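Q:
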Amino acid sequence: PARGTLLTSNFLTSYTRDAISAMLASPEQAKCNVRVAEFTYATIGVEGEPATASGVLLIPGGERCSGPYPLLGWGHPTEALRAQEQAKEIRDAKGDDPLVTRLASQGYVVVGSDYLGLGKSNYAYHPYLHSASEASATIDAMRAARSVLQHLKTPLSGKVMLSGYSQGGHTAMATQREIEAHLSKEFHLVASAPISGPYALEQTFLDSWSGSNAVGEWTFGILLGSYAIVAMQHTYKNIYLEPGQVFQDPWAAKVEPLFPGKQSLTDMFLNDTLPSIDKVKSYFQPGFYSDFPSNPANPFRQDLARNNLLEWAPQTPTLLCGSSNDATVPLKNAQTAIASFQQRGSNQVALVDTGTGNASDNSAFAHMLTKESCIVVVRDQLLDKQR
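If you count by my numbering, then the sequence shown holds residues 134 to 520, one letter each, in order.
1. Taking the alpha carbon of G178 as the point to measure from, which residue in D273, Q217 and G488 has its own alpha carbon closest?
2. Considering just the uninterrupted stretch of the alpha helix (DSSP H) at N480, what are its terminal residues?
3. Quick check: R215 and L251, are their CB atoms within less than 8 Å of each other?
4. Among the candidates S359, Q481, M401 and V243, whose CA atom is the shortest distance from the CA of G208?
5. Does the distance from the CB of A237 to the CB of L516 come in under 8 Å?
6. Buried or exposed, going by whether 16 or more other CB atoms sit within 10 Å of the CB of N480?
7. With distances taken between CB atoms, is the gap from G240 to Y202 smaller than 8 Å?
8. Nearest CA to the CA of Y373: which residue from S343, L322, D436 and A333?
9. Mind checking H284: buried by the 16 CB within 10 Å criterion, or exposed?
10. For my contact list, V388 and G344 are in at a C-beta cut-off of 8 Å; report their separation, rounded to the angstrom.
11. Among the candidates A347, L139 and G488, whose CA atom is the shortest distance from the CA of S246?
12. Can you give me the Cβ contacts of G377 inside the same chain, cut-off strictly under 7 Å, excluding the 5 residues immediately before and after it?
13. Among all the DSSP beta bridges, which residues are the ones paired with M365?
14. The alpha helix (DSSP H) that contains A265, what's its start and end?
15. Using 8 Å as the Cβ pair cut-off and three pairs as the minimum, do the region 333 to 349 and the region 463 to 472 touch?
16. Could you have a look at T211 and say whether DSSP puts it in helix, strand or coil?
17. Can you tell me the Cα-Cα spacing of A158 and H500, whole angstroms?
18. Sorted by chain position, which residues of the same chain lie with C-beta nearer than 6 Å to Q300's C-beta, five sequence neighbours on each side aside?
19. Using DSSP bridges, identify the partner residues of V169.
20. Please return the same chain residues whose Cβ sits closer than 8 Å to the Cβ of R197, not counting the five positions on each side in sequence.
21. Could you pull the DSSP bridge partners for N404 from this structure?
22. For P393, does the three-state DSSP call read helix, strand or coil?
23. How big is the Cα-Cα spacing for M275 and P383?
24. Is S187 near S266, with beta carbons less than 8 Å apart?
25. Less than 8 Å separating the beta-carbons of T406 and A497?
26. Measuring alpha carbon to alpha carbon, tell me which residue in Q217, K370, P134 and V167 is nearest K395.
27. Output needed for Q448: all residues of its chain with C-beta closer than 6 Å, excluding positions within five of it in sequence on either side, in chain order.
28. Please classify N491: is it buried, with 16 or more other beta-carbons within 10 angstroms of its beta-carbon, or exposed?
29. By the DSSP assignment, the alpha helix (DSSP H) with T337 in it spans what residues?
30. My understanding is that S415 touches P408, with C-beta atoms under 8 Å, so please give their C-beta distance in whole angstroms.
31. Grab me the residues of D486's own chain with a C-beta within less than 7 Å of its C-beta, minus the 5 sequence neighbours each way, in chain order.
32. Checking 8 Å against the spacing of the C-beta atoms, do residue 521 and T146 come in under that value?
33. How long is the line joining the alpha carbons of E335 and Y369, rounded to whole angstroms?
34. List the residues that DSSP assigns as beta-bridge partners of residue 523.
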């Protein structure tokens, strides 16, 4: 089956313009009714082998919202719950989601892949922070989405845009690079707005390895680092023969089934499935813990490096958004990327900060606040302008 082939499609629910505006009240007003659809499609694995995936499709409509519509590919954040489907999540949230309230309701067709290994995908695991598969899944999601839209006769302007939050920011940028390098004709990319992503992936881990970074305590580091380690092992299989070489007991034996698994990241954090960051030295094996920051050839580190999104020249107008208060994914990521881009001949990438400006508001928890905050900002400062 060709990449992007639509396997199944299905409408889930709908939301009137007024319903959405009511939600916003909780003072922006919706402009479009929003139809929520779900679908599965054919794509590829990390080795290029055939694979399936699922995705969400938000279609705007209404007398005050005639097309043509721009196509926005979206990258969701870190997801540990293997069965999680964005489309059903939105439906289960009565449509109260920024993708619906802030974008689709404003005339943007939103397409998001659940990623390999999640939702209805048939992949054995999720290649967390793996640029290539984050991009392939996203690309193929838009391809399948377009078959659906073509069948529904939804008028598309032809304009394509990208955005994503947290892991989704990495995803968004990874897709941008891929499209710009090889798919400029198929996808007329006019705007890219990665939100709070670890573009300088290797750098992010190195800076917070101790348990904290210049911004604050890397509170969720044990959950994110373990997901990254496990995922990178499944993908490159060069980190360990068995979990014990990296993780101390009794974690080693329960770490792989968790990423992804029967628990959401919030479940794990609240029920302390894994130790808190202050106990990082009690979690990782001593050898591994010290070798990582001092050996660039460390396997996990090389795997992180292969997934940095720094060595290239962005062609598409890009607005990196985040918050200086973010201690989970430091806005430093945005600064390093932009620095690398410029010395490569590109001046297409700009940065926008939504922080309070007070080092006092610094918190790993400020990360979640940037999602909807940055959606509105990048939407107004870049997306609407490139429409």
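All residues carry an ideal CB built from backbone N, CA and C; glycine is no exception.
A: Reading it off the structure:
1. Nearest option by C-alpha distance: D273.
2. Element bounds for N480: n/a, residue is neither H nor E.
3. yes
4. The closest CA to that of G208, considering only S359, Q481, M401 and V243, is found on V243.
5. no
6. Around the C-beta of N480, fewer than 16 other C-beta atoms lie within 10 Å, and the residue is accordingly described as exposed.
7. yes
8. Restricting attention to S343, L322, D436 and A333, the CA atom closest to the CA of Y373 is found in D436.
9. exposed
10. Going by Cβ atoms, the distance from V388 to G344 rounds to 18 Å, so no, they are not a contact pair.
11. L139
12. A385
13. DSSP output for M365 lists no bridge partner at all.
14. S264 to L285 is the extent of the alpha helix (DSSP H) around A265.
15. yes
16. coil
17. 24 Å
18. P210 and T211
19. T146 and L191
20. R150, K164 and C165
21. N404 is not bridged to any residue.
22. coil
23. The alpha-carbon atoms of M275 and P383 are separated by roughly 42 Å.
24. For the 8 Å CB-CB criterion, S187 and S266 do not form a contact.
25. Result no, Cβ atoms of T406 and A497 do not sit closer than 8 Å.
26. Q217
27. Closer than 6 Å at the Cβ level, and outside the excluded window around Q448, lie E313.
28. exposed
29. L334 to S341
30. 6 Å
31. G455, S456, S457 and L464
32. As displayed, the chain neither begins before 134 nor continues past 520, which places residue 521 out of reach and without an answer.
33. Roughly 16 Å separates the two Cα atoms.
34. One cannot answer for residue 523 here, as it falls past the ends of the chain, which runs 134 to 520.
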